[PDB]
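This one is an experimental structure. Sequence first:
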Amino acid sequence: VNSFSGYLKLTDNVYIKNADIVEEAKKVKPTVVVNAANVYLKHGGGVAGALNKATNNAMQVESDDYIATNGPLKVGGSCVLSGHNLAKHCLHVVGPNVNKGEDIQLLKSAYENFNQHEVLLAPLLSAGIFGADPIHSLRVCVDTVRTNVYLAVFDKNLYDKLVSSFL
Ligand SMILES: O=C(O)CC[C@@H]1CCCN(c2ncnc3[nH]c4cc(F)ccc4c23)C1
């Protein structure tokens, strides 16, 4: 038993809710919140900009030190950093950005990072400003992640579409 509430169950291990991931993180304090990161951990907009704003820019400060030490992430890769006031940990995961021409097949590699964590609160990778089809992203999530994932979908119209079209 865990503290996530109001989710619709899609599969044995995948759950979905119309929610603002920032507010969901603030209430649940999950062990892991996933950020829709880029390779530079520049949290300017989308989910990343919202998560970072909610940390009063502490996420960005920590991220800049990470990059200065380690260099950029790989597309499809991840790193674990602090969850600040939102979660114990933040798993920064880089899905391919279609608006940069990155290979959508890397989306599966991106979701594989979730399997290193037993339970996660997450957005749909490569959705939103990353330019992928959120329905495809949901399919890859379901077919790749084996651990327990609670997906927050900010847009109510999109949430309803994802549910109604789910196979
Ligand atoms: O850009 C991509 O391709 C993938 C990232 C997606 C796209 C944008 C919507 N989305 C979210 N998902 C869950 N909660 C959210 N709160 C938010 C608050 C904001 F100010 C902006 C986005 C979100 C958001 C993240």
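Everything's here; your move. Residues are numbered from 1 along each chain as shown.

contacts and neighbour counts: CA atoms only from here.
Fine.

Residue 85 versus residue 28, what's the distance?
Distance from residue 28 to residue 85, counting by CA to CA, to the nearest Å: 11 Å.

ok, now residue 34?
When residue 34 is compared with residue 85 (using CA to CA), they lie 14 Å apart.

who has more neighbours, the two?
Neighbours per residue, other CA atoms under 10 Å: of residue 34 and residue 85, the larger number sits with residue 34, 28 against 16.

before we move on, which element is the more buried one in?
Per DSSP states H and E: residue 34 is located in strand 32-36.

Tell me the buried residues in the helix or strand just after that strand?
Using DSSP H and E, the next helix or strand after strand 32-36 towards the C-terminus is helix 46-54. Neighbour-count burial for helix 46-54, with 16 or more other CA atoms under 10 Å as criterion, is recorded at 47, 48, 49, 50, 51, 52, 53, 54.

same for the ligand: which of those residues are within range?
Subset of these in contact with the ligand: 47, 50, counting by CA under 6 Å from any ligand atom.

where do the helices sit along this protein?
Ranges of helices in the chain, per DSSP state H, are 21-28, 46-54, 58-70, 106-112, 134-144, 156-164.

then the second one to CSV, C-alphas only?
Coordinates of each C-alpha in helix 46-54 appear next as CSV, following Å, rounded to 0.1, in the frame of the first residue of the first chain:
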residue,chain,number,x,y,z
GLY,A,46,7.7,22.4,-19.4
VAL,A,47,7.8,20.0,-16.5
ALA,A,48,11.4,20.8,-15.7
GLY,A,49,10.8,24.5,-15.5
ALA,A,50,7.8,23.9,-13.2
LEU,A,51,9.6,21.5,-10.9
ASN,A,52,12.6,23.8,-10.6
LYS,A,53,10.4,26.9,-9.9
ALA,A,54,8.7,24.9,-7.1
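
ok, which residues in this protein are in contact with the ligand?
20-22, 36, 46-47, 50, 123, 125-131, 152-154.

which among the residues you listed end up buried?
Buried among the residues of the chain next to the ligand by 16+ other CA under 10 Å: 20-22, 36, 47, 50, 123, 125-128, 130, 152-154.

Can you get me a residue count around residue 167?
Neighbour count for residue 167, taken as other CA under 10 Å: 7.

Look up how far residue 129 lies from it.
Going from residue 167 to residue 129 by CA to CA gives 25 Å.

now what about stretch 120-137, what contacts it?
21, 25, 30-36, 46-47, 93-99, 104, 107, 110-111, 114, 138, 141, 148-153, 162, 165-166 (CA atoms under 8 Å, 6 or more residues apart in numbering).
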